[PDB]
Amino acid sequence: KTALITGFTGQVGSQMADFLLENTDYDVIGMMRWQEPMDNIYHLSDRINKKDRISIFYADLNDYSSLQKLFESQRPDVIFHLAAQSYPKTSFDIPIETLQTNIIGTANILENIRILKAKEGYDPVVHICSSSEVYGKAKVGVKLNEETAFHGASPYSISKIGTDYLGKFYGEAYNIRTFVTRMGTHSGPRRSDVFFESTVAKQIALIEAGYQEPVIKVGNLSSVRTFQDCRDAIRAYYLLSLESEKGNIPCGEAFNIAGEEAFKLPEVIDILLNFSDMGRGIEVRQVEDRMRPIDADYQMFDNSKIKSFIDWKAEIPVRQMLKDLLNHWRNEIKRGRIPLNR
């Protein structure tokens, strides 16, 4: 049984590889562009060099011919489509590449599968990763469900609305075993440095090592996020893929997935500062270049639909996930891998 991971070098993809190698007998294929950063997969290199259950396929979301070669030659039984331009902030000023990679990237994958299904009966389970950002700037005091209206908060958000409709459409039109996951915040030690809890943790680490004045730079703190560790999120994807295989997930079925621990962003900063010998002496300053034209600033979740379909809960406390992320930046700086403060 063969699993393809798109976005293998990313936060979630690299951890899905780890999870599948430790918890299944699956062969794993990691899709990447050849020059993608190795930071998340260095621990997998020897195993890949040894051809022990995991291999790399070189393909770009934006090269349909590369994806054709991948599906024709590898025929993955299950696909975790995690590859995307994942960052809303750059999507404002680089919106064309965000729309191309996320919407057209996903159409390039799904159309490749559709044609191979018509020709040869290829019938893979296809995980299409959407985002809770399809709900953009959601009304306060209400929890999100799978029928909550979509709001375009950013080109990234619109790109994920596109990804989402494509996932549902290809399932509904061609009976491909797609399911769509509208994820809240999933984080932990491999969270990209640009995301809120990771830039806060990283700036604390920079401050502790004397690289930055003891002022954390932030954007809008009037925002509510639900967190869980990727190690929990990934189990939900694996458990959904099994149900999809067994016939229990309708083609194109959508699911909101999040943790149970929700925070106003000042509470996350306070948790991270409490892990620092010098937290009592570190201030916070809102700066203009971290603000957004529209902020999707409220993500609270009713998880009743997902828990009705799989037997799953988040096990890792959010304080441990955050501590892991702070130690990660501490370790990078100690080793001379000085990050941007961004």
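A residue's number is simply how far along the shown sequence it sits, counting from 1.
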{"query": "Between the two ranges 331-339 and 4-12, the one averaging a larger CA B factor in the entry", "finding": "331-339"}
{"query": "Stretch with the greater mean C-alpha B-factor as recorded in the entry, comparing 298-306 against 34-42", "finding": "298-306"}
{"query": "Out of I29, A59, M291, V284, residue topping the C-alpha B-factor column of the entry", "finding": "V284"}
{"query": "Residue, from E133, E245, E172, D164, that the PDB entry assigns the highest Cα B-factor", "finding": "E245"}
{"query": "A258, C-alpha B-factor rank within chain (lowest, middle or highest third)", "finding": "highest"}
{"query": "Position of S65 among the chain's modelled residues by C-alpha B-factor, lowest, middle or highest third", "finding": "lowest"}
{"query": "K89 CA temperature factor, ranked by third within the chain", "finding": "lowest"}
{"query": "Entry-reported Cα temperature factor of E146, expressed as the chain third it lands in", "finding": "highest"}
{"query": "Chain-relative CA temperature factor third for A138", "finding": "highest"}
